[PDB]
Structure formats: structure tokens, C-alpha cells
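One structure is given here, and the rest of the page talks about it.
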Amino acid sequence: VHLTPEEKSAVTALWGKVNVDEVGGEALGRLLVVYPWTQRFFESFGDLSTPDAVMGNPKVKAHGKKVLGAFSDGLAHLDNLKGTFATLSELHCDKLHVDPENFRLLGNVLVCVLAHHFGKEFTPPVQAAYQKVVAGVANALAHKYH
Amino acid sequence: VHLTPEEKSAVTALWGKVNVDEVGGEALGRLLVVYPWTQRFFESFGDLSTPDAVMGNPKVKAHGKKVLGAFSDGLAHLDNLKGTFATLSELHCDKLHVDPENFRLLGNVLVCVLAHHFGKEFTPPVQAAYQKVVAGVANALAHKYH
Amino acid sequence: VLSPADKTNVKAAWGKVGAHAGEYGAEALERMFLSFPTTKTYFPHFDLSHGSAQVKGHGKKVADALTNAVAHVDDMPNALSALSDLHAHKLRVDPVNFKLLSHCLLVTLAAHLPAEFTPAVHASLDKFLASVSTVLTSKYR
Amino acid sequence: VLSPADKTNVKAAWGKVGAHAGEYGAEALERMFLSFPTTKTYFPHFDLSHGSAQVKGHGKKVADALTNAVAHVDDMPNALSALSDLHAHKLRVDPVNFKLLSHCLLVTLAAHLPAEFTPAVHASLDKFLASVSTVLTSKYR
Ligand code: HEM
Ligand code: HEM
Ligand code: HEM
Ligand code: HEM
């Protein structure tokens, strides 16, 4: 991160609005639906064989808040994105072996979810701010693959 | 990098053998041929319209040694891959705008070129050592995109 | 692939975008230029600034090629025939650029059509945009 | 795509690999497991160690599916029909894994056939391996 003041202003001001019980899960769910391979990783979670079954699965919404959790952690800890995420990187890297590109994918589906939720309030400059952030985050988790 | 002693032993011991006037250029060339979009970046270099014309182009072999140069620099500076490459990252990032994935591609074509050159001496463990390194290098250059 | 239902959802979210398709297409383009600044390289003869007419009018073109893909979806290869040539031969667009645009396109459908932008349509649209992109990079293939 | 000449080069580097195709295929697999350790996840019932019979015999299978692709190249979709299902439905292989294997395959052709492994054949082979991979991930598409 850098995040200029105005970008900062824009990331922080949306995140305040965000329904953290229900946004994290709309994005984990969208991932499993949009990118089916990733459901490899949640066989433990129940029926995902239809996306309706993915989007009202309680483990799926259970987990997705954990995931927005970590984002809230990173989003306002941008100075050491890397410090913050090490433990998590370790878990997904040399523990669940999740290829780092799904980290961009979640990132981007997250950007989709926010755009769907905020509509017009999600202007291109704000999106631009968020891209950097989701990037920083995908890069922080994937750092123990090195 | 980490590079264990034995991996270290293996990267260093091949690199000594490597014809640095002619290996860098076989890999820049292979890139332009294998991944044609990348020739966007060398319109200044002459006829590349046929791969024969790519592989006996003197600017192409001229440039490719520069590129192995930087690798020799990184390969035995693995402790701050990041320091070493900053200037170069700046040049390719916010100066030629080369998307970082072509950095993996070169990396991998480089691994191809070495395999072709060393044959059997390029065993899977040595390849494994080199992958990490080419990685480290692609990641170092792409670090000013952040 | 694109299944009978992908093709139905894509037939339909597009239905629902109608006349604004070019306005959206111009917005998706702006987003990309903004979010992924590397893409700006292709467009050095454009004013890439907000109210730019050139991007406005470009949006129109992207949007139209997308509609020509929806309508001939079961034959995009012959239909996007010449844009394939133009982007991969003549322009040498980095195929990674197709992934960033496609994404700004979904963020723009989403940001516009939240009733319609179901998880499953999101999926159909993704897949569709992937097919279009595969087509326009297939003379590298 | 794959042009009359890609198809000629691919017809031919394969010609030249002959009987060792399975030995190479077993080597490409080892390389990948070694170079990209994340791939190891699919194979938890394998001994992934050097002289492993299971990988040996797997090599044979990959190699054979590759040869069935060369011979029916102008119809890989119907031919790799069931491996498409098996890898994308049933196994849910991360499509990025197709790029790492394909690469170990070229490193293994290269490491074996340096006369044959011209810049242009390297290109034909890449493109071919891409088509195979696109096919085996196309029920995600
Ligand atoms: C920005 C990216 C991501 C973040 C913030 C993230 C965050 C987390 C957190 C908060 C947990 C568990 C915390 C705990 O157990 O105490 C977790 C677990 C896990 N993540 Fe993610 N994750 C991300 C990407 C991914 C992706 C792309 C996948 C791969 C499909 C993935 C698969 C998993 C799995 C299955 C677990 C379950 C861990 C377990 O209980 O064994 N994650 N993630
Ligand atoms: C590991 C990756 C790479 C390394 C080590 C590398 C290294 C270098 C070095 C040594 C130079 C110029 C040094 C100088 O001008 O003093 C350079 C320039 C350049 N690189 Fe690379 N490069 C890499 C990847 C790429 C890739 C993937 C492309 C994109 C297709 C690319 C495109 C260029 C271009 C066209 C220049 C010319 C600079 C100029 O004269 O304006 N490079 N690279
Ligand atoms: C689904 C993806 C896209 C679609 C359908 C698409 C379609 C089009 C169309 C319809 C035109 C002009 C056709 C005509 O000349 O009448 C065009 C032009 C062009 N596209 Fe794309 N395109 C796509 C993605 C991209 C991407 C990824 C890039 C690179 C960032 C790109 C760069 C260009 C360039 C620079 C031109 C020429 C603009 C000019 O010089 O006037 N396009 N595109
Ligand atoms: C060009 C790419 C590849 C080819 C042609 C290929 C072909 C095959 C074939 C022929 C088999 C078995 C067919 C049968 O059951 O008779 C197989 C099995 C399998 N493949 Fe692939 N495959 C490829 C890439 C991959 C990759 C990228 C992965 C993931 C790292 C993968 C994971 C598997 C798994 C785990 C099995 C099942 C092994 C078992 O359980 O016995 N394959 N493949």
C-alpha cells in the first residue's frame, strides 16, 4: 500500500457501511460458485452442489465473516500488510496449499460484491483504491510460498 | 529465497557452465516467439516477423545478455532480491508498463533454455531450485506495481 | 463451454442492460484504465480522462462487440473473426488484459443490475466473458 | 487455434519422442511435484518419491492422453471428453495446475530432444499444450 489520502478516504468510508456478517459470505460463496474448483477446499462444509445451496449454507456464511475479519485487519494495517497476514499465509500456503491465484480471485469477487452492494457509490476511483488493497492482501498471504 | 545448501550447490554449479553471451538471447528470443504479444515491446528492434529473424537478430541477442546479466546479479544476491532489482522494476513497471506475468513467462522460458542446454544435467531437483529463483526474480521486479 | 442456462442468463442480463450497454461499456473501460494503469499503454491517443469522448465512443464499440457475441454466442469464433485479428495480430494485446477488462465489465454489470446479478448469472457472465476473451486471443493459440 | 504447421511440428516432435513418451511423462510429473509442491495435494495416495511406480504408471497415462490428443488434434474436445469430466467435475483441478504441468512437459521435451526443440516447435508445443489444458478445464467454462 500507499493509499493516497483521498483513496484512503474512499476505502475507509465504504467499509464502515459494509454489512460484515453478510458481505464476507456473499463473496466466499460467489467464489465457490464462480470458480468451482475452489469448492475442493470446503467438502467439509456440506451441500454445495447447487449455488442456492451455496448461498444459504451456514458454514459458508460462517466462514466468510472470518474472511472479512482478516480484511478489516489488513485494510487498516496497510503498513505491514505482511506482518499482519503471516500466520494466515502459513495456514493457506504450507497447510492448505491454496494456490495464490485464488487469492486474487476472492479479492476480485470481493470487489464485485462491494460494487453490487454500493452500486453507483462504487465509482471507478474507489474501485481503483480497493484494487490496490485486495492486491496487497493477495500478495501478503501468498508470501510464504517463497 | 532460502535455497538450501544442496539447492544452492545446484544453482551455482550450473550457472558457471552457462554461455552468458548466447543463453540470454535464446531465452528473450524464445519469449518473443512463444509469446508474441511481448514483441509489442521490441518494435524498435527490427524484423521479428519470423522466428528465424528473431533468433539471429543482433539487438535481440544484444539485449538478452543484459537480461542474463541482471539474473547473475540476482542469483548471487538472493538475500535482497528486492534491493537488487528496484531500479529495474521501476523501469519495467512505471516506465515500460510490462505486466508482471511476462516476468514469470521469461522466468519459465529461461528454465526451458537451461533444460535444453544442460539436458539430463538439469534434473528435476535442480529445476525445482531454479524455479524458486526465477520466482524470486519475477517477484522482485514486479514489486513496484504496488 | 456455456450451457443452455449460461446462454439463457447471458441472453438475459443483456436483455435487461439494453440501451445503456455502451454507457456501461465506457464505464468498464474507465475503471480498468484506473484500476490497472498498465492497460493505459494501448491507448496513448486517447484522452483517458473522465468525460472523454474517445473512451465514450470506445465503450460503444466494446459493447457492440459484446452484443454481437451474445447474438451468435454459438458462433463467436466466425463472428469475432476480425477483432481476433485486430487484437492479437495487429495490436498484440497482452492476454492478461482480457482478464482485467472482463472483471471491470462484471463490476460494472453488478454495480448497475443488482436484481439480475445473481451468483449464477455472475458465473454465466464470467464464463461468457472468458469465451469472448479466448476467441480474441486465439490467434496467439 | 493450431495451424497446419503447429499440427505438423507437434505431429513431429511426438514422432521423435516415440516409445519414451510415458517415461517422459513420468518425469514431467516428478518435476512438477518437485517445483510446484502445491500440486502434490491431488495425489495424496501416491508415493511421490523418485522411483515411484504410481507416478511411473501415471506418466504412462498422461502420455497416452497426450498422444490421443496429437492423433485427433482436430477433435480433442470429443476425444478428451471424459478426462474433461474427470479433471474438472470429479477432481476439481485448479486450472493453474494445467499451466505448471504443461511447463514441466516442455522442460522435459527440451531436456530430451534438443535437435527437435526448435523455438518454433517450442511454440507449437506450448500452443498445443494449451489446447489440451483448455479442453480439460472447459467444464468450468
Ligand atoms: C484474501 C484471501 C483470503 C483470506 C482473507 C482468508 C482468510 C481466512 C481465515 C480467516 C481463515 C481461518 C481462520 C481460522 O481458522 O482461525 C481461512 C481459512 C481457510 N481458507 Fe481462507 N482466506 C483467503 C483466501 C482463501 C482462498 C482463495 C481459499 C481457497 C479456495 C481459501 C481456503 C481456505 C480454507 C478451506 C480454510 C479453512 C481453514 C481450516 O479450517 O482448515 N482461503 N481463510
Ligand atoms: C526477469 C525478467 C527480466 C529481466 C531480468 C529484465 C532485465 C532487463 C534489463 C537488464 C534491461 C535494460 C537495462 C538497461 O537499459 O540498462 C531491460 C529492459 C527492457 N525490458 Fe527487460 N527484463 C525482464 C523482463 C522483461 C519482460 C518480460 C519484458 C516484456 C516483454 C521486458 C521488456 C523490456 C524492454 C523492452 C526493455 C527495454 C528497455 C529500454 O531500452 O527502454 N523485460 N530488461
Ligand atoms: C471482451 C473484450 C473486448 C472487446 C469485445 C473488444 C472489442 C473491441 C472493438 C469492438 C474494437 C474496435 C473494432 C473496430 O475497429 O471497429 C476494439 C479496439 C481496440 N481494443 Fe479492444 N476489445 C476488448 C478488449 C480489449 C483489451 C483487453 C484491450 C487492451 C487493454 C483492448 C485494446 C484495444 C485497442 C487499443 C483497440 C484499438 C483502439 C483504437 O486504436 O482506436 N481491447 N476493441
Ligand atoms: C495436459 C494435462 C494432463 C493430462 C493429459 C492428464 C491426463 C490424465 C489421465 C490420462 C489420467 C487418468 C485417465 C484414466 O483414469 O484412465 C489422469 C488422472 C488424474 N489427473 Fe490428470 N492429466 C493432466 C493434468 C493434470 C493436472 C494439471 C493435475 C493436477 C495437478 C492432474 C490431476 C490428476 C489426478 C489427481 C488424477 C487422478 C489420479 C488418480 O487418482 O489415480 N492431472 N490425468
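Same order as they appear, the protein sequences are chains B, B', A and A'. A prime marks a further copy of an entry chain.
Take the first sequence: its position 82, counting from 1, is numbered 82 in the authors' numbering, and each next residue is one higher.
Take the second sequence: its position 126, counting from 1, is numbered 126 in the authors' numbering, and each next residue is one higher.
Take the third sequence: its position 105, counting from 1, is numbered 105 in the authors' numbering, and each next residue is one higher.
Take the fourth sequence: its position 120, counting from 1, is numbered 120 in the authors' numbering, and each next residue is one higher.
Yeah, the Cβ is synthetic: ideal placement off N, Cα and C, and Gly gets one too.
Can a CB atom of chain A be found closer than 7 Å to the CB of residue i?
| i | result |
| --- | --- |
| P36 (chain B') | yes |
| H97 (chain B') | yes |
| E43 (chain B') | no |
| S138 (chain A') | yes |
| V33 (chain B) | yes |
| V73 (chain A') | no |
| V121 (chain A') | no |
| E101 (chain B') | yes |
| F122 (chain B) | yes |
Are the C-beta atoms of residue i and some chain B residue less than 7 Å apart?
| i | result |
| --- | --- |
| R31 (chain A') | no |
| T41 (chain A') | yes |
| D126 (chain A) | yes |
| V10 (chain A') | no |
| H20 (chain A) | no |
| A110 (chain A) | yes |
| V107 (chain A) | yes |
Do we get a CB-CB distance below 7 Å when we pair residue i with the residues of chain B'?
| i | result |
| --- | --- |
| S102 (chain A') | no |
| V132 (chain A) | no |
Verify the contact flag: residue i, CB atom, against every heavy atom of ligand 5, threshold strictly below 6 Å.
| i | result |
| --- | --- |
| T38 (chain B) | Annotation note on ligand 5: not contained in the displayed structure, which lists ligand 1, ligand 2, ligand 3 and ligand 4 as its ligands. |
Using a C-beta cutoff of 7 Å, does residue i count as contacting chain A'?
| i | result |
| --- | --- |
| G107 (chain B') | no |
| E90 (chain B) | no |
| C112 (chain B') | yes |
| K7 (chain A) | no |
| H116 (chain B') | yes |
| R30 (chain B) | no |
| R40 (chain B) | yes |
| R92 (chain A) | no |
| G46 (chain B') | no |
| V135 (chain A) | no |
| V1 (chain A) | yes |
If you reduce the DSSP assignment to three classes, tell me which class residue i lands in.
| i | result |
| --- | --- |
| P124 (chain B) | helix |
| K16 (chain A') | helix |
| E22 (chain B') | coil |
| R141 (chain A') | coil |
| residue 186 (chain B') | In the structure as shown, chain B' begins at 1 and stops at 146. Residue 186 (chain B') is therefore absent and cannot be evaluated. |
| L109 (chain A') | helix |
| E43 (chain B) | helix |
| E116 (chain A) | coil |
| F85 (chain B) | helix |
| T50 (chain B') | coil |
| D99 (chain B') | coil |
| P95 (chain A') | coil |
| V1 (chain B') | coil |
| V1 (chain A') | coil |
| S49 (chain A) | coil |
| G16 (chain B) | coil |
| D126 (chain A) | helix |
| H103 (chain A) | helix |
| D94 (chain B) | coil |
| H146 (chain B') | coil |
Could you pull the start and end residues of the alpha helix (DSSP H) that residue i belongs to?
| i | result |
| --- | --- |
| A82 (chain A) | 81-84 |
| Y42 (chain A') | Element bounds for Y42 (chain A'): n/a, residue is neither H nor E. |
| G64 (chain B) | 58-75 |
| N68 (chain A) | 53-70 |
| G119 (chain B) | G119 (chain B) -> no alpha helix (DSSP H), and no H or E assigned at all. |
| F36 (chain A') | Premise fails: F36 (chain A') is in no alpha helix (DSSP H) and is neither H nor E. |
Review point. For the region 51-63 of chain A against the region 108-120 of chain B', are there 3 or more C-beta pairs whose distance is under 8 Å?
Key: no
**Study point:** Cβ contact check for the region 117-126 of chain A and the region 2-22 of chain A: 3 or more pairs under 8 Å
**Key:** yes
Review point. With a cut-off of 8 Å, do at least 3 Cβ pairs link the region 16-28 of chain B' to the region 64-71 of chain B'?
Key: yes
Review point. Touch check for the region 108-123 of chain A and the region 30-43 of chain A': three-plus C-beta pairs under 8 Å?
Key: no
Review point. Should the region 87-104 of chain A' be regarded as contacting the region 19-36 of chain A', the criterion being three or more beta carbon pairs within less than 8 Å?
Key: yes
**Study point:** Contact the region 31-38 of chain B' vs the region 130-145 of chain B: 3+ CB pairs below 8 Å
**Key:** no
Practice item. Tell me, please, whether the region 70-86 of chain B' touches the region 75-95 of chain A by the rule of three or more beta-carbon pairs shorter than 8 Å. Key: no
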